[PDB]
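>>> partial complex here, more coming in a sec:
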Amino acid sequence: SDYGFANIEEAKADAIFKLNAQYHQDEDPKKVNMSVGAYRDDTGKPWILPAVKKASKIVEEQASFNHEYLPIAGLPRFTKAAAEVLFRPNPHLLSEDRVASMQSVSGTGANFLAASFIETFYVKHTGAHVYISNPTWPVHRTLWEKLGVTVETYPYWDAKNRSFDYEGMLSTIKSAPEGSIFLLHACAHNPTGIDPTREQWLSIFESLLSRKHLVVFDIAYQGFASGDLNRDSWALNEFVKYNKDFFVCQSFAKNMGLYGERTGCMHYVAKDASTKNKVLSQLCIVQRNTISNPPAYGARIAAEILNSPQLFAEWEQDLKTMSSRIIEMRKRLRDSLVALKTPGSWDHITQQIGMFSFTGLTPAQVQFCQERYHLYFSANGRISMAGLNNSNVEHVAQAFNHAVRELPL
């Protein structure tokens, strides 16, 4: 202001933040927030996983417990265990010392690490662009653009068929310049919820390799999506068979409910230990000059679970609890729309997976739901299934039924 800062333009309101403001001002007792991006139980409350609560109690009583700095790359028994749970069918990647793992400030910080590294050591001399799904998590675009990488998209949501636009994605893969960067969702695509089949994945991998593209997997919902850890990491482990180095950005925010503790890991899967160590040393330079070292509390908890056979088994029970409740809400919503004979097909509701769903509603229909049924969710029709429970799912189905019947497109 003695320095020109009053000339700055104040930034536009965050998308999620402005919806939340409107939800909170609504005075109707039947209102529902269907934009919450975190798991909720059947009463609509945050839910601490019993295994996580148990692990944090165990950790706090340990004689060695303290608040001292971690190594720059993070807590070693966390980074090692985080890689192991991704690659249970491929333990040789760890034992051959081929995975460079950096504990990160959750999934977003892992993406920031990978993108910073890839921009400096790949984009600089190749001019490659990064390709993200259309639609995707909106930070995927701005995070990469802020680091100076040009962002392109590949088609993903086929709105007419309410399904995955396999042919559009494949066509973009084949026509993109060789050696482009492709940001892939490992499972439970955000925001649509619809994943490629295994058959579609194999064809996707074939074309990615034929064009020599560089692959970055984002895996934010392993185990949380299906309750089965190896099923949810299937695409990652299938890609290992092709013997191309690649990157993985991993979050424990949802599958351990650690959200605000910021527990994640970035991995580079090298072809040999020598390159693993070259890359790791450069990743440490980025880490040193952004955060210095990562937060310990969530990592200690995750390492405790992952390295204990009994806590691991109890965590898998908690994953089953969460994934089953979402599946049950998807079934309830779809079953009510079928019973109400709502125009259109509604099987995409149960063919999708994870806590986000592209419903297929239009902006007019979403606005109708907001004004007449006090449902708050995104204009593109994305809902969070976590907001749905036994007390409101019939109200939600009735709203959708009315909106679609009243406002056909």
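Good, I have the coordinates. Numbers count the residues shown, from 1 in each chain, chains lettered A, B, ... in the order given.
>>> residue A:349 contacts residue A:333, doesn't it?
Yes. The pair residue A:349 / residue A:333 is scored as a contact, 5.6 Å apart, by C-beta atoms under 8 Å. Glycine gets a C-beta too; all of them are placed from N, C-alpha and C.
>>> for residue A:300, give its distance to residue A:56.
8 Å (C-beta to C-beta, to the nearest Å).
>>> got it, and residue A:72?
From residue A:72 to residue A:56 the distance is 24 Å (C-beta to C-beta).
>>> remind me which helix or strand residue A:9 belongs to.
For residue A:9, there is no helix or strand it lies in under DSSP states H and E.
>>> roughly how far does it sit from residue A:139?
Here the criterion is C-beta to C-beta. By it, residue A:9 lies 21 Å from residue A:139.
>>> and those two? Which one has more around it.
Using other C-beta atoms under 10 Å as the criterion, residue A:9 and residue A:139 rank with residue A:139 on top: 13 against 5.
>>> which phi and psi values does the more buried one adopt?
Backbone torsions for residue A:139, taken as degrees, to the nearest 10, come to phi -70, psi -20.
>>> got a list of what the closest residue to it other than its chain neighbours touches?
Using C-beta to C-beta, 6 or more residues apart in numbering and skipping the chain neighbours, the partner closest in space to residue A:139 is residue A:108 (6.4 Å). Neighbour list for residue A:108: A:139, A:143, A:251, A:264 [criterion: C-beta atoms under 8 Å, 6 or more residues apart in numbering].
>>> over to residue A:338?
By C-beta under 8 Å, 6+ apart, the contact set of residue A:338 is residue A:346.
>>> the following sequence is to be added as chain B:
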Amino acid sequence: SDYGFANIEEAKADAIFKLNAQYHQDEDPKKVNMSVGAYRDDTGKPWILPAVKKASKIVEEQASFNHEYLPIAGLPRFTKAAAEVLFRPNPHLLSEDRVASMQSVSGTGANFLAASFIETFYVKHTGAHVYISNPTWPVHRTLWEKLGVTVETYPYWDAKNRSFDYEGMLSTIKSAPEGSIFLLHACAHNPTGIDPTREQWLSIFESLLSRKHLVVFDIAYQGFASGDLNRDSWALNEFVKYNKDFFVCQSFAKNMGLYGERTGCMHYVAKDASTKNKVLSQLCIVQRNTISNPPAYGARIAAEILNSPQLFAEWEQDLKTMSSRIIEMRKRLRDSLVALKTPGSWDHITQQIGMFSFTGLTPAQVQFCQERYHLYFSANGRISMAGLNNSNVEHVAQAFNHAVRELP
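Below is chain B, added to the chains above:
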């Protein structure tokens, strides 16, 4: 590697890391780690502050405790109280809604936030360089250079007088281009430990004001340094009188022992609420595109202490415990060097404050201390007092005495 990554050259190890590796390989029973980057108690061990142990139990036993996402700018009860403890003499800054406060990944993350914002909204319009003390924490230079700002230095360590180079710093402030960026240490200068006196600060501020420089304060040791929170933030609050907007990067790593939980805050002290809100909205964009939101555990602990009068009083006792122990070690070391009649003057050991000290030892004397007395510290003579205690301080004094006498 199918992508050219085998052509990357492996970065060389950090000097501190390589030093610690050498310390732990040394089998000599009298070895001392003089490079510990964190507080240690009188027995050489990590030390959880009693108030922090109490605060964390209170936090986790609270009925509403959970692990949910914080807002982009962090836990409001933390960021408000983090500003309050900096500006206790100046409560009008908060009541007029003039402080934009962003919870960060400790002091490093606060610095990254401040530097990213200043590069984007100040440096690219003015061409300003940032001036850091010579010496300073080495990440200050690389953090700013990585973001595209040219880094200059101002003189700080007077090696011949073993003191603060006031005239050199003042001369650089006066000759730097108008509108330059100056990174200042609020108290307990890292790595020398020597601070400007209050009268030197007043003259420093006048010259900064007359050249219209932009000021960024780093405050990583408030309360930890002297045991007195308001004394340690005196320079911050004195600068408030000059009515220029400015930045503060705050860390709770040392003063709450929260090191690995990564608890800190960046503040922009605006002239008015309008610009405060403009800057804050741009800070949130940077934060959204790097970490999304900051880690909750340490911030909840800090907010519990800072918002409770009784816990705050307990924490102030822990601050007295830590600062007193470091002062006593400095006194023990200084008094032994005086009694050993070690050539040179050693009052700088007790005129410095905080955990880090420039000893004045030469590289050959430091190397002598490592090989003959198994003391591990930096070749510029910087030591950490945290590793000193009753079991080894006399060994350290005798090493310095021998090193200085043998290598004049």
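>>> repeat for the contacts of residue A:108, accounting for chain B.
Listed by C-beta atoms under 8 Å, 6 or more residues apart in numbering or on different chains, the contact partners of residue A:108 are A:139, A:143, A:251, A:264, B:290-292.
>>> neighbours around residue A:293, how many?
Residue A:293 has 22 neighbours, counted by other C-beta atoms under 10 Å in any protein chain shown.
>>> if you could redo that for residue A:142, that was the one I meant.
Using other C-beta under 10 Å, residue A:142 is surrounded by 13 other residues.
>>> again, but for the one 3 residues further on
A count of nearby residues for residue A:145, using other C-beta under 10 Å, gives 14.
>>> now tell me what touches the one helix or strand it maps to from outside.
Per DSSP H and E, residue A:145 falls inside helix A:139-146. Residues outside helix A:139-146 that contact it (C-beta under 8 Å, 6+ apart) are A:108, A:111-112, A:115, A:119, A:130, A:132, A:151, A:183, A:218, B:285, B:288-290, B:292.
>>> right, and the helix or strand after that helix?
strand A:151-155.
>>> partners of that following strand in the sheet?
Applying DSSP bridges, strand A:151-155 is found paired with strand A:130-134 (parallel).
>>> so the strand it pairs with versus helix A:139-146, what angle?
150 degrees (axes from the mean of the first three to the mean of the last three C-alpha atoms, to 10 degrees).
>>> what sits up against strand A:130-134?
A:115, A:118, A:140-141, A:144, A:149-157, A:169, A:172, A:176, A:180-183, A:185, A:189, A:213, A:216.
>>> send the alpha carbons of that strand over as CSV?
Output of strand A:130-134 as CSV, limited to C-alpha atoms (Å, rounded to 0.1, in the frame of the first residue of the first chain):
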residue,chain,number,x,y,z
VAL,A,130,0.0,-31.9,-19.4
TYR,A,131,-3.3,-33.5,-20.2
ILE,A,132,-6.0,-33.7,-17.6
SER,A,133,-9.5,-35.2,-17.8
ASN,A,134,-12.5,-33.0,-18.8
